[PDB]
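S.K.: Sharing a structure with you now.
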Amino acid sequence: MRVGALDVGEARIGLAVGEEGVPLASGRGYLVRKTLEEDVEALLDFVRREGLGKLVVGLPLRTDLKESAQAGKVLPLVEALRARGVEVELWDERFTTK
Numbered sequence: 009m010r011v012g013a014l015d016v017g018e019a020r021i022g023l024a025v026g027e028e029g030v031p032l033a034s035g036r037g038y039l040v041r042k043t044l045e046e047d048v049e050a051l052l053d054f055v056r057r058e059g060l061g062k063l064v065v066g067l068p069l070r071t072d073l074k075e076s077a078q079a080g081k082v083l084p085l086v087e088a089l090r091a092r093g094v095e096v097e098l099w100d101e102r103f104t105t106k
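Here it is as structure tokens:
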């Protein structure tokens, strides 16, 4: 029941690994912003070796048919995961009434 969690405020990226649902927050480490391929390299090293086999990441996303991956070079990884048959799903808005 381990899942990779990614977060970024405006310089530092948070790393978390545990069950999908978590009240406290759950973590593991952190990685500084890098390039497109670079982030993948760092992510794979952990996701691949850690045997997570699943990654979750929240992002506003501008949404648009042509061009995408607005803000943060996170998309570059999502493609790798999807291609390698790795479970992944973008987390919508954090706050929301049931």
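Just so you know, we're using our numbering here: the sequence shown kicks off at 9 and counts up by one.
Ideal Cβ positions, reconstructed from N, Cα and C, are used throughout, including at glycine.
1. Assuming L63 is part of the beta strand (DSSP E), what are its boundary residues?
2. Just verifying my parser: in three-state terms, what is the DSSP assignment at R20?
3. With distances taken from CA atoms, which of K42, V25, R102, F103 is nearest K62?
4. Rounded to a whole number of angstroms, what is the C-alpha to C-alpha distance between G22 and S76?
5. Could you pull the start and end residues of the beta strand (DSSP E) that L39 belongs to?
6. Please determine, among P31, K106, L73, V65, the residue with the shortest C-alpha to C-alpha distance to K81.
7. With 16 as the cutoff for other CB atoms within 10 Å, does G37 come out buried or exposed?
8. Could you check where the beta strand (DSSP E) with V96 kicks off and where it finishes?
9. Write down the C-beta distance between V30 and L85 rounded to the nearest angstrom, noting that I regard them as a contact closer than 8 Å.
10. Using a threshold of 8 Å, state whether the C-beta atoms of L60 and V16 are closer than that.
M.R.: This is what the structure holds:
1. Counting along the chain, the beta strand (DSSP E) containing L63 begins and ends at 62-66.
2. If DSSP states are grouped into helix, strand and coil, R20 belongs with the strands.
3. Check the Cα spacing between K62 and each of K42, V25, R102, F103: the tightest is with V25.
4. Between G22 and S76, the C-alpha separation is close to 23 Å.
5. Note, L39: beta strand (DSSP E), 36-40.
6. It is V65 whose Cα lies nearest to the Cα of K81.
7. It is exposed - the Cβ of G37 has fewer than 16 other Cβ atoms within 10 Å.
8. Counting along the chain, the unbroken beta strand (DSSP E) around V96 starts and ends at 95-99.
9. Not a contact, Cβ separation roughly 21 Å.
10. The answer is no: Cβ separation not under 8 Å.
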